[PDB]
Each structure stands twice: as C-alpha cells, then as structure tokens.
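Colleague: Got coords-v9.cif for you, mmCIF, C-alpha atoms:
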data_protein
loop_
_atom_site.group_PDB
_atom_site.id
_atom_site.type_symbol
_atom_site.label_atom_id
_atom_site.label_comp_id
_atom_site.auth_asym_id
_atom_site.auth_seq_id
_atom_site.Cartn_x
_atom_site.Cartn_y
_atom_site.Cartn_z
ATOM 1 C CA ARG A 735 -74.849 25.041 -181.546
ATOM 2 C CA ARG A 736 -72.695 25.796 -184.594
ATOM 3 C CA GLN A 737 -73.175 22.202 -185.742
ATOM 4 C CA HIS A 738 -76.917 22.405 -185.049
ATOM 5 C CA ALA A 739 -77.291 25.636 -187.033
ATOM 6 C CA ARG A 740 -75.173 24.241 -189.877
ATOM 7 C CA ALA A 741 -77.202 21.024 -190.130
ATOM 8 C CA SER A 742 -80.857 21.851 -189.401
ATOM 9 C CA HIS A 743 -81.060 25.410 -190.794
ATOM 10 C CA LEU A 744 -81.687 26.078 -194.489
ATOM 11 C CA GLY A 745 -81.935 29.445 -196.214
ATOM 12 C CA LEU A 746 -84.320 28.247 -198.943
ATOM 13 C CA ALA A 747 -86.477 25.852 -196.909
ATOM 14 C CA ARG A 748 -89.618 28.061 -196.814
ATOM 15 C CA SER A 749 -90.483 26.167 -193.604
ATOM 16 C CA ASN A 750 -90.295 28.105 -190.349
ATOM 17 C CA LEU A 751 -87.494 27.133 -187.979
ATOM 18 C CA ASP A 752 -88.522 24.831 -185.149
ATOM 19 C CA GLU A 753 -89.124 26.528 -181.799
ATOM 20 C CA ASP A 754 -88.576 24.745 -178.482
ATOM 21 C CA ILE A 755 -90.311 25.659 -175.236
ATOM 22 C CA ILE A 756 -87.737 26.926 -172.748
ATOM 23 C CA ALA A 757 -88.978 24.719 -169.870
ATOM 24 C CA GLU A 758 -86.748 26.585 -167.431
ATOM 25 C CA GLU A 759 -86.252 26.294 -163.665
ATOM 26 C CA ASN A 760 -85.942 28.779 -160.744
ATOM 27 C CA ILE A 761 -89.518 30.018 -161.415
ATOM 28 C CA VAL A 762 -90.399 32.927 -159.110
ATOM 29 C CA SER A 763 -93.855 33.311 -157.603
ATOM 30 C CA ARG A 764 -95.931 36.468 -157.895
ATOM 31 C CA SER A 765 -94.970 39.316 -155.579
ATOM 32 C CA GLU A 766 -96.925 42.376 -156.815
ATOM 33 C CA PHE A 767 -100.509 42.771 -155.594
ATOM 34 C CA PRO A 768 -102.702 45.890 -155.542
ATOM 35 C CA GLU A 769 -102.252 48.052 -152.463
ATOM 36 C CA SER A 770 -104.646 47.836 -149.532
ATOM 37 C CA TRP A 771 -107.187 50.572 -148.840
ATOM 38 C CA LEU A 772 -109.986 51.237 -146.333
ATOM 39 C CA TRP A 773 -107.628 51.967 -143.428
ATOM 40 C CA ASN A 774 -110.141 53.722 -141.184
ATOM 41 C CA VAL A 775 -111.726 53.030 -137.796
ATOM 42 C CA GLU A 776 -115.319 53.668 -136.740
ATOM 43 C CA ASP A 777 -117.312 53.506 -133.511
ATOM 44 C CA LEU A 778 -120.850 52.122 -133.493
ATOM 45 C CA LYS A 779 -123.097 54.567 -131.634
ATOM 46 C CA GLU A 780 -126.617 53.936 -132.958
ATOM 47 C CA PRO A 781 -129.259 52.805 -130.444
ATOM 48 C CA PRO A 782 -128.969 49.016 -130.265
ATOM 49 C CA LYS A 783 -131.782 46.693 -131.275
ATOM 50 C CA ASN B 103 -91.577 31.215 -106.847
ATOM 51 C CA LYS B 104 -93.415 33.466 -104.398
ATOM 52 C CA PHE B 105 -95.816 31.645 -102.070
ATOM 53 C CA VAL B 106 -98.628 32.773 -99.783
ATOM 54 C CA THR B 107 -100.240 30.722 -97.023
ATOM 55 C CA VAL B 108 -104.045 30.686 -96.906
ATOM 56 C CA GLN B 109 -105.495 30.072 -93.439
ATOM 57 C CA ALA B 110 -109.248 29.714 -92.903
ATOM 58 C CA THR B 111 -110.795 29.630 -89.429
ATOM 59 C CA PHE B 112 -113.840 27.332 -89.526
ATOM 60 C CA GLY B 113 -115.400 28.264 -86.221
ATOM 61 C CA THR B 114 -112.864 26.838 -83.796
ATOM 62 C CA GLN B 115 -111.235 24.641 -86.450
ATOM 63 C CA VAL B 116 -108.494 25.938 -88.751
ATOM 64 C CA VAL B 117 -107.311 24.681 -92.148
ATOM 65 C CA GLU B 118 -104.134 26.030 -93.753
ATOM 66 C CA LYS B 119 -102.783 25.560 -97.273
ATOM 67 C CA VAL B 120 -99.831 27.213 -99.023
ATOM 68 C CA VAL B 121 -100.512 28.162 -102.650
ATOM 69 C CA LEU B 122 -98.143 29.375 -105.354
ATOM 70 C CA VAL B 123 -98.471 32.934 -106.662
ATOM 71 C CA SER B 124 -97.598 34.497 -110.012
ATOM 72 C CA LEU B 125 -98.798 37.356 -112.202
ATOM 73 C CA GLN B 126 -99.708 37.428 -115.891
ATOM 74 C CA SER B 127 -99.453 40.566 -118.022
ATOM 75 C CA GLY B 128 -101.647 40.103 -121.089
ATOM 76 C CA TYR B 129 -101.543 39.380 -124.805
ATOM 77 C CA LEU B 130 -100.616 41.296 -127.953
ATOM 78 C CA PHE B 131 -102.074 40.503 -131.376
ATOM 79 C CA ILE B 132 -100.425 42.035 -134.450
ATOM 80 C CA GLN B 133 -102.434 42.297 -137.676
ATOM 81 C CA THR B 134 -100.738 42.983 -141.019
ATOM 82 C CA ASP B 135 -102.732 43.477 -144.211
ATOM 83 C CA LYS B 136 -100.318 41.454 -146.370
ATOM 84 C CA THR B 137 -97.401 39.088 -145.826
ATOM 85 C CA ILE B 138 -95.478 39.835 -149.057
ATOM 86 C CA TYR B 139 -94.569 43.442 -149.868
ATOM 87 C CA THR B 140 -92.335 45.188 -152.412
ATOM 88 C CA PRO B 141 -89.732 47.948 -151.980
ATOM 89 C CA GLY B 142 -91.745 51.178 -151.966
ATOM 90 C CA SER B 143 -95.054 49.939 -150.562
ATOM 91 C CA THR B 144 -96.413 50.867 -147.133
ATOM 92 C CA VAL B 145 -96.664 48.377 -144.260
ATOM 93 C CA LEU B 146 -99.832 48.841 -142.199
ATOM 94 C CA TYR B 147 -100.080 46.980 -138.893
#
Please render this file's structure as structure tokens.

Modeller:
Amino acid sequence: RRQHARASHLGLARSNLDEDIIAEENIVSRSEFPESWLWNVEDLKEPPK
Amino acid sequence: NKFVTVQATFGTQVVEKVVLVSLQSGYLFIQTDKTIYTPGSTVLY
C-alpha cells in the first residue's frame, strides 16, 4: 500500500482519487423487524347466520 | 403390547379374535409470531 500510494497518488492532480467497491464477504442477513402487536383473544357470540 | 380377546356369540356359533390394544394421548401445536428475535424483544407463543 505504501508503493500504491507513492505511485498513483498526486497532490496536484485535481482529479479525485479512485474509489473501489469493497465487495466484501461474510454478509449478514437482516435480523431487526418491527415488534408484533394484536395479542388478544376474542369469543364469537353473535347469533349465527 | 397389551392384547384383548374379542369373542362374539352368533346364536350358537362363536367367533374369537385377539386384537392389539394401545392408547394415544393427543397433539400439541406451538405457534410463535416470529422465528428470528433480538436480545431484548419478547417471545410470544
């Protein structure tokens, strides 16, 4: 990396330094979802049709 | 394996057959709202 920064980096270039996508591994899936609600029970008692 | 003999009297005639016996209890079904939680959340089942 010292060689890379000595060769391809210029202080007067006026051109932005190249950026490389990380393209990493070990990607972790989502694990945070909104909490559940409506935790109640009811009994149907109306006259059936 | 507990057995019982079943004997039927058909008028004068008789037919006998030994049949196996066993008992079943039932079933349990467990329902969870989510399969992936986080430390701090509540598990409802």

Colleague: How close does each residue of chain A get to chain B, giving the shortest atom pair and distance in Å to one decimal for every residue with an atom at most 9 Å away, counting all atoms listed in the file, sorted by chain and residue number, as a Markdown table?

Modeller:
| residue | atom | partner | partner_atom | distance |
| --- | --- | --- | --- | --- |
| A:765 | CA | B:138 | CA | 6.6 |
| A:766 | CA | B:140 | CA | 7.0 |
| A:767 | CA | B:139 | CA | 8.3 |
| A:769 | CA | B:143 | CA | 7.7 |
| A:770 | CA | B:135 | CA | 7.1 |
| A:773 | CA | B:146 | CA | 8.5 |

Colleague: Show me the residues close to (-100.5, 22.9, -102.2) - anything with an atom within 12 Å, counting all atoms listed in the file - and format the list as a PDB file with C-alpha atoms, in the coordinates of the input.

Modeller:
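File produced: result_14.pdb:
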ATOM      1  CA  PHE B 105     -95.816  31.645-102.070  1.00  0.00           C
ATOM      2  CA  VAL B 106     -98.628  32.773 -99.783  1.00  0.00           C
ATOM      3  CA  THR B 107    -100.240  30.722 -97.023  1.00  0.00           C
ATOM      4  CA  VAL B 108    -104.045  30.686 -96.906  1.00  0.00           C
ATOM      5  CA  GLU B 118    -104.134  26.030 -93.753  1.00  0.00           C
ATOM      6  CA  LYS B 119    -102.783  25.560 -97.273  1.00  0.00           C
ATOM      7  CA  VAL B 120     -99.831  27.213 -99.023  1.00  0.00           C
ATOM      8  CA  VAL B 121    -100.512  28.162-102.650  1.00  0.00           C
ATOM      9  CA  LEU B 122     -98.143  29.375-105.354  1.00  0.00           C
ATOM     10  CA  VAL B 123     -98.471  32.934-106.662  1.00  0.00           C
TER      11      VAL B 123
END

Colleague: Quick one: distance from CA of residue 751 in chain A to CA of residue 736 in chain A in Å, one decimal?

Modeller: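 Between CA of residue 751 in chain A and CA of residue 736 in chain A the gap works out to 15.2 Å.
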
Colleague: Rounded to one decimal place, report the CA of residue 125 in chain B-CA of residue 104 in chain B distance in Å.

Modeller: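 Interatomic distance here is 10.2 Å.
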
Colleague: Keeping N, CA, C and O atoms (and nothing else), can you write range 109-143 of chain B of this structure as a PDB file, in the first residue's frame?

Modeller:
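Below is the file that was written, result-v4.pdb:
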ATOM      1  N   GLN B 109     -64.639 -61.945  21.700  1.00  0.00           N
ATOM      2  CA  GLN B 109     -65.432 -63.138  21.437  1.00  0.00           C
ATOM      3  C   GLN B 109     -66.872 -62.718  21.187  1.00  0.00           C
ATOM      4  O   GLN B 109     -67.481 -62.049  22.029  1.00  0.00           O
ATOM      5  N   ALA B 110     -67.410 -63.105  20.035  1.00  0.00           N
ATOM      6  CA  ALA B 110     -68.787 -62.803  19.668  1.00  0.00           C
ATOM      7  C   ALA B 110     -69.560 -64.106  19.534  1.00  0.00           C
ATOM      8  O   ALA B 110     -69.127 -65.019  18.823  1.00  0.00           O
ATOM      9  N   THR B 111     -70.696 -64.189  20.220  1.00  0.00           N
ATOM     10  CA  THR B 111     -71.580 -65.345  20.130  1.00  0.00           C
ATOM     11  C   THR B 111     -72.646 -65.054  19.082  1.00  0.00           C
ATOM     12  O   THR B 111     -73.491 -64.174  19.271  1.00  0.00           O
ATOM     13  N   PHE B 112     -72.608 -65.797  17.983  1.00  0.00           N
ATOM     14  CA  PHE B 112     -73.513 -65.614  16.851  1.00  0.00           C
ATOM     15  C   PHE B 112     -74.572 -66.706  16.951  1.00  0.00           C
ATOM     16  O   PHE B 112     -74.463 -67.756  16.316  1.00  0.00           O
ATOM     17  N   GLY B 113     -75.604 -66.447  17.742  1.00  0.00           N
ATOM     18  CA  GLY B 113     -76.527 -67.512  18.087  1.00  0.00           C
ATOM     19  C   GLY B 113     -75.780 -68.592  18.845  1.00  0.00           C
ATOM     20  O   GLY B 113     -75.208 -68.351  19.915  1.00  0.00           O
ATOM     21  N   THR B 114     -75.786 -69.809  18.300  1.00  0.00           N
ATOM     22  CA  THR B 114     -74.986 -70.880  18.882  1.00  0.00           C
ATOM     23  C   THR B 114     -73.510 -70.735  18.528  1.00  0.00           C
ATOM     24  O   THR B 114     -72.638 -71.063  19.340  1.00  0.00           O
ATOM     25  N   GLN B 115     -73.211 -70.253  17.323  1.00  0.00           N
ATOM     26  CA  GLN B 115     -71.836 -70.161  16.861  1.00  0.00           C
ATOM     27  C   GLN B 115     -71.072 -69.075  17.614  1.00  0.00           C
ATOM     28  O   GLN B 115     -71.646 -68.115  18.135  1.00  0.00           O
ATOM     29  N   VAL B 116     -69.751 -69.236  17.655  1.00  0.00           N
ATOM     30  CA  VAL B 116     -68.859 -68.307  18.339  1.00  0.00           C
ATOM     31  C   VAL B 116     -67.643 -68.061  17.457  1.00  0.00           C
ATOM     32  O   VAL B 116     -67.073 -69.001  16.891  1.00  0.00           O
ATOM     33  N   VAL B 117     -67.249 -66.795  17.340  1.00  0.00           N
ATOM     34  CA  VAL B 117     -66.038 -66.394  16.636  1.00  0.00           C
ATOM     35  C   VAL B 117     -65.195 -65.560  17.590  1.00  0.00           C
ATOM     36  O   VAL B 117     -65.712 -64.655  18.254  1.00  0.00           O
ATOM     37  N   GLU B 118     -63.908 -65.883  17.683  1.00  0.00           N
ATOM     38  CA  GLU B 118     -62.998 -65.206  18.593  1.00  0.00           C
ATOM     39  C   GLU B 118     -61.794 -64.679  17.826  1.00  0.00           C
ATOM     40  O   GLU B 118     -61.304 -65.324  16.892  1.00  0.00           O
ATOM     41  N   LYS B 119     -61.345 -63.485  18.204  1.00  0.00           N
ATOM     42  CA  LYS B 119     -60.199 -62.847  17.572  1.00  0.00           C
ATOM     43  C   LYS B 119     -59.502 -61.984  18.611  1.00  0.00           C
ATOM     44  O   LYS B 119     -60.161 -61.226  19.329  1.00  0.00           O
ATOM     45  N   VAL B 120     -58.181 -62.097  18.686  1.00  0.00           N
ATOM     46  CA  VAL B 120     -57.376 -61.331  19.631  1.00  0.00           C
ATOM     47  C   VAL B 120     -56.800 -60.118  18.912  1.00  0.00           C
ATOM     48  O   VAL B 120     -56.160 -60.249  17.862  1.00  0.00           O
ATOM     49  N   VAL B 121     -57.044 -58.933  19.469  1.00  0.00           N
ATOM     50  CA  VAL B 121     -56.675 -57.670  18.842  1.00  0.00           C
ATOM     51  C   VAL B 121     -55.745 -56.904  19.773  1.00  0.00           C
ATOM     52  O   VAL B 121     -55.887 -56.957  20.999  1.00  0.00           O
ATOM     53  N   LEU B 122     -54.762 -56.231  19.182  1.00  0.00           N
ATOM     54  CA  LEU B 122     -53.822 -55.425  19.945  1.00  0.00           C
ATOM     55  C   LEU B 122     -54.505 -54.177  20.493  1.00  0.00           C
ATOM     56  O   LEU B 122     -55.493 -53.688  19.941  1.00  0.00           O
ATOM     57  N   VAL B 123     -53.974 -53.664  21.599  1.00  0.00           N
ATOM     58  CA  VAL B 123     -54.540 -52.507  22.279  1.00  0.00           C
ATOM     59  C   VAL B 123     -53.429 -51.520  22.606  1.00  0.00           C
ATOM     60  O   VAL B 123     -52.340 -51.915  23.038  1.00  0.00           O
ATOM     61  N   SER B 124     -53.703 -50.237  22.391  1.00  0.00           N
ATOM     62  CA  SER B 124     -52.794 -49.171  22.783  1.00  0.00           C
ATOM     63  C   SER B 124     -53.594 -47.884  22.896  1.00  0.00           C
ATOM     64  O   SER B 124     -54.699 -47.773  22.361  1.00  0.00           O
ATOM     65  N   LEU B 125     -53.025 -46.911  23.602  1.00  0.00           N
ATOM     66  CA  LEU B 125     -53.688 -45.638  23.844  1.00  0.00           C
ATOM     67  C   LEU B 125     -52.858 -44.503  23.265  1.00  0.00           C
ATOM     68  O   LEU B 125     -51.625 -44.534  23.316  1.00  0.00           O
ATOM     69  N   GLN B 126     -53.543 -43.509  22.710  1.00  0.00           N
ATOM     70  CA  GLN B 126     -52.912 -42.296  22.208  1.00  0.00           C
ATOM     71  C   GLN B 126     -53.339 -41.114  23.067  1.00  0.00           C
ATOM     72  O   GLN B 126     -54.469 -41.070  23.565  1.00  0.00           O
ATOM     73  N   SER B 127     -52.423 -40.164  23.256  1.00  0.00           N
ATOM     74  CA  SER B 127     -52.660 -39.047  24.166  1.00  0.00           C
ATOM     75  C   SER B 127     -53.288 -37.853  23.451  1.00  0.00           C
ATOM     76  O   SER B 127     -54.372 -37.395  23.828  1.00  0.00           O
ATOM     77  N   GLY B 128     -52.622 -37.341  22.425  1.00  0.00           N
ATOM     78  CA  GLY B 128     -53.105 -36.159  21.737  1.00  0.00           C
ATOM     79  C   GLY B 128     -51.973 -35.493  20.973  1.00  0.00           C
ATOM     80  O   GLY B 128     -50.952 -36.114  20.689  1.00  0.00           O
ATOM     81  N   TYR B 129     -52.189 -34.219  20.649  1.00  0.00           N
ATOM     82  CA  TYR B 129     -51.224 -33.443  19.885  1.00  0.00           C
ATOM     83  C   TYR B 129     -51.099 -32.049  20.479  1.00  0.00           C
ATOM     84  O   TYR B 129     -52.057 -31.502  21.028  1.00  0.00           O
ATOM     85  N   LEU B 130     -49.900 -31.485  20.365  1.00  0.00           N
ATOM     86  CA  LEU B 130     -49.617 -30.117  20.775  1.00  0.00           C
ATOM     87  C   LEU B 130     -49.083 -29.347  19.578  1.00  0.00           C
ATOM     88  O   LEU B 130     -48.171 -29.819  18.891  1.00  0.00           O
ATOM     89  N   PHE B 131     -49.647 -28.170  19.331  1.00  0.00           N
ATOM     90  CA  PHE B 131     -49.184 -27.281  18.276  1.00  0.00           C
ATOM     91  C   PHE B 131     -48.722 -25.978  18.909  1.00  0.00           C
ATOM     92  O   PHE B 131     -49.476 -25.346  19.655  1.00  0.00           O
ATOM     93  N   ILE B 132     -47.488 -25.581  18.615  1.00  0.00           N
ATOM     94  CA  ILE B 132     -46.880 -24.389  19.194  1.00  0.00           C
ATOM     95  C   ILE B 132     -46.751 -23.341  18.098  1.00  0.00           C
ATOM     96  O   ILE B 132     -46.168 -23.606  17.040  1.00  0.00           O
ATOM     97  N   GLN B 133     -47.296 -22.156  18.350  1.00  0.00           N
ATOM     98  CA  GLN B 133     -47.301 -21.059  17.391  1.00  0.00           C
ATOM     99  C   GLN B 133     -46.465 -19.913  17.942  1.00  0.00           C
ATOM    100  O   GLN B 133     -46.764 -19.388  19.018  1.00  0.00           O
ATOM    101  N   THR B 134     -45.431 -19.521  17.201  1.00  0.00           N
ATOM    102  CA  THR B 134     -44.605 -18.370  17.537  1.00  0.00           C
ATOM    103  C   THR B 134     -44.778 -17.308  16.463  1.00  0.00           C
ATOM    104  O   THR B 134     -44.845 -17.624  15.272  1.00  0.00           O
ATOM    105  N   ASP B 135     -44.862 -16.046  16.892  1.00  0.00           N
ATOM    106  CA  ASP B 135     -45.092 -14.959  15.945  1.00  0.00           C
ATOM    107  C   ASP B 135     -43.938 -14.817  14.958  1.00  0.00           C
ATOM    108  O   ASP B 135     -44.161 -14.619  13.758  1.00  0.00           O
ATOM    109  N   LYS B 136     -42.700 -14.918  15.438  1.00  0.00           N
ATOM    110  CA  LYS B 136     -41.528 -14.768  14.587  1.00  0.00           C
ATOM    111  C   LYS B 136     -40.540 -15.886  14.886  1.00  0.00           C
ATOM    112  O   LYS B 136     -40.589 -16.517  15.943  1.00  0.00           O
ATOM    113  N   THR B 137     -39.638 -16.130  13.935  1.00  0.00           N
ATOM    114  CA  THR B 137     -38.591 -17.125  14.117  1.00  0.00           C
ATOM    115  C   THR B 137     -37.224 -16.526  14.420  1.00  0.00           C
ATOM    116  O   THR B 137     -36.344 -17.252  14.891  1.00  0.00           O
ATOM    117  N   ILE B 138     -37.022 -15.237  14.161  1.00  0.00           N
ATOM    118  CA  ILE B 138     -35.765 -14.557  14.454  1.00  0.00           C
ATOM    119  C   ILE B 138     -36.068 -13.384  15.374  1.00  0.00           C
ATOM    120  O   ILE B 138     -36.829 -12.481  15.008  1.00  0.00           O
ATOM    121  N   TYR B 139     -35.469 -13.393  16.560  1.00  0.00           N
ATOM    122  CA  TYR B 139     -35.646 -12.344  17.550  1.00  0.00           C
ATOM    123  C   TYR B 139     -34.348 -11.556  17.696  1.00  0.00           C
ATOM    124  O   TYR B 139     -33.408 -11.718  16.913  1.00  0.00           O
ATOM    125  N   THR B 140     -34.315 -10.668  18.685  1.00  0.00           N
ATOM    126  CA  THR B 140     -33.125  -9.937  19.089  1.00  0.00           C
ATOM    127  C   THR B 140     -33.099  -9.876  20.607  1.00  0.00           C
ATOM    128  O   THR B 140     -34.154  -9.942  21.248  1.00  0.00           O
ATOM    129  N   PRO B 141     -31.916  -9.764  21.210  1.00  0.00           N
ATOM    130  CA  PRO B 141     -31.846  -9.608  22.671  1.00  0.00           C
ATOM    131  C   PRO B 141     -32.596  -8.368  23.132  1.00  0.00           C
ATOM    132  O   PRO B 141     -32.245  -7.241  22.779  1.00  0.00           O
ATOM    133  N   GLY B 142     -33.642  -8.586  23.931  1.00  0.00           N
ATOM    134  CA  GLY B 142     -34.485  -7.522  24.450  1.00  0.00           C
ATOM    135  C   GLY B 142     -35.943  -7.657  24.061  1.00  0.00           C
ATOM    136  O   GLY B 142     -36.820  -7.190  24.793  1.00  0.00           O
ATOM    137  N   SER B 143     -36.219  -8.295  22.927  1.00  0.00           N
ATOM    138  CA  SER B 143     -37.583  -8.455  22.454  1.00  0.00           C
ATOM    139  C   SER B 143     -38.297  -9.563  23.224  1.00  0.00           C
ATOM    140  O   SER B 143     -37.680 -10.382  23.908  1.00  0.00           O
TER     141      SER B 143
END
